[PDB]
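Laid out below as structure tokens are two forms of one and the same protein chain, each shown alone and named structure 1 and structure 2.
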Structure 1
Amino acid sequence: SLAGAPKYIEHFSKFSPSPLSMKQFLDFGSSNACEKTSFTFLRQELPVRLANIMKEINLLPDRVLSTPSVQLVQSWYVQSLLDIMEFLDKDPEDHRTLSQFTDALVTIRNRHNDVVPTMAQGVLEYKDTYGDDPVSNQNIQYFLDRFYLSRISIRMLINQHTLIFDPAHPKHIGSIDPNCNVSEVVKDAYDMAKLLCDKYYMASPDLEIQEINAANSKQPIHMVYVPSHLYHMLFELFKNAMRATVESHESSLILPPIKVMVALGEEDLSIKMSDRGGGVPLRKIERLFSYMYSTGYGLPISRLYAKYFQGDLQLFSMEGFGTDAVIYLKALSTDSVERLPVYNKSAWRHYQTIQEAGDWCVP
């Protein structure tokens, strides 16, 4: 009773995703009027976001697309798109439409739960089956950043709808905390990382937090943010900083602490995590964000969470000494706008590359 998936994919891929600001997410209410609006918005926007990324999947090297795990993920996206197409002709005024829609969104979220490791298995299958090559590798890197950021954005839309229209923190708006205390999230991530570090090494570095509230030096630093995303990024950073610290201090009973600075400026809210874990040579920094070498997507996915609301996550090491990691976030909810990949000529062209000598000299 539905059209074939390609007809829907072609239709919806013509549209650009519509990025929302944290402010817009936050200003969305919980009434039936609001639920109907959410429904009518998402039955267009989710297909747009699904179709856009599905079109890019098809630009992957034949070698990568031919893998069973990539084909499996594709099949999930197809079914999720079709699940939403069932709602195109349904009446929002009918409460049953709305409840059925929420049920379908939950089903989609569950279906896609294992997307990250499944795609990673696809990358492994490509390497095992064909051997890796640098052109394919570059395409995979570009694609996966966009694919995973797209997924984060779809999960955000779904979580907002299901949380609001179907509880530990009643002050939250869906998954958003309008008054997220950054240092408390830092402490939560540290605590969980410490449990793991203590388990394996029977020791862990202490934590020191310093806040710099430039405009209001006395005031504890808060922001509008999705605490789970911030936690994810900090937990990954602590795990790396702790492991470095303990492993570079095999002989020591005294471990240097991990120092976190939370700075609030006019435009940025920046969080720096500094360790004395001996560092990494610059040559090896890029590999930390590579899906290929990491095939352990902790750091690249963490950086995508940062980029999702127009921030970033950057690493700067000093080999022989230690490493600084910085999460850059927008301080203002109005500047915190979804960063969404779009399928267009620019994106298509970016794939169209081939093997050749680079523009820099080798001996």
Structure 2
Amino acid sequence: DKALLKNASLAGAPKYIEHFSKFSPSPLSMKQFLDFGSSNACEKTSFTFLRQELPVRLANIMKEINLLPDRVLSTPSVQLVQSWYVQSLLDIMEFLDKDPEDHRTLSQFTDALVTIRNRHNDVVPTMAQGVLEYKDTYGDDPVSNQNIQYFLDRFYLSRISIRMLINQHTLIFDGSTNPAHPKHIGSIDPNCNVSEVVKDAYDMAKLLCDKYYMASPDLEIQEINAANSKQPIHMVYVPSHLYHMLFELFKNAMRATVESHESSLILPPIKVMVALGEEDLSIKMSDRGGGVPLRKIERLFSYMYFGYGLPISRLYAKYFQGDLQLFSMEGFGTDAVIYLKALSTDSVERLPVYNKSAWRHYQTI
């Protein structure tokens, strides 16, 4: 039953998890990411920051996994994800006393982060496998599902924040001292063409749709640059984040469109509008897929119904102070909207708030 958990205690994991969970994550601004990848920033500064910050981020969400209901925590797949987090925490602990001045320390660190990044590739579908194990062994009682939903939103946001920190280090400090003008600052494109990412997400969605259905709706894109009419819309953002969101929304829109036109020769196209206002960058994906009743929208956002594309797409949106909302018209079609900050100064990491007291203070006149 409990071999992975035994192996973890014998490793001293709890000592370290208890230690690092006593501290709060440090949220970084988009500006801080940009500047910490400008030349003036150092591999040593990043090393000394990430060898404290990663373990704190890892320890906090590890503490929180161990607060799940025992019916889920004892699922093989959850125990497995927990073992990957122990290994990764331990991996970074090797670096606590090592010398920043030593070029071999910095090199080994970067390789450890890449190993960690690769270790955690399958985390999402594995945690989903654990939730299915719980669902298909116990009930579908609506109290335990708002519990799992709460934890999973935190876990997956935590995970996005950790891969971001690792991606910035590995991509910026990939071995040698490199030439002048990098197109990206790590994973951040400071001149991200939103429509190019829409087309990318569509291209891959259309490929998959064409494999499994043999039809796929076409794409129409309109841009609205309010301030500068008809200038192509750029922003500072992480294209892979925007792509993850758009990919999932394209898959759902295409599924609904194809499944609601079994007998049609024309498929209604998927319409995407990109609007840039003073404060918001807004991306509407409109389909004529026959829509969902208002009562079942909540379900689309639930891990208990992978299925995890929409919930996790929302988490990516929320991570840099955005949102993702979905409005359907049963009998007609569905509108999905990504809301992003137009300004890079308005973009700070939104991280789960940890170490809140279980004791609630009472309030008077």
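Throughout, rigid core stands for the largest set of C-alpha atoms superposing within 1.5 Å between the two forms. All residue numbers here refer to structure 1's sequence, counted from 1.
The one residue among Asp103, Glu86, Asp114, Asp198 whose Cα position changes by 2 Å or more between structure 1 and structure 2, with the core held fixed by superposition, is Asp198. Relative to the superposed rigid core, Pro256 undergoes a CA displacement of at least 2 Å between structure 1 and structure 2. The Cα position of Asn32 differs by 2 Å or more between structure 1 and structure 2 after fitting on the rigid core. For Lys345, the Cα shift between structure 1 and structure 2 is 2.4 Å when the rigid core is held fixed in the overlay. Taking the core as the fixed frame between structure 1 and structure 2, we note the C-alpha of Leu207 moving 2.0 angstrom.
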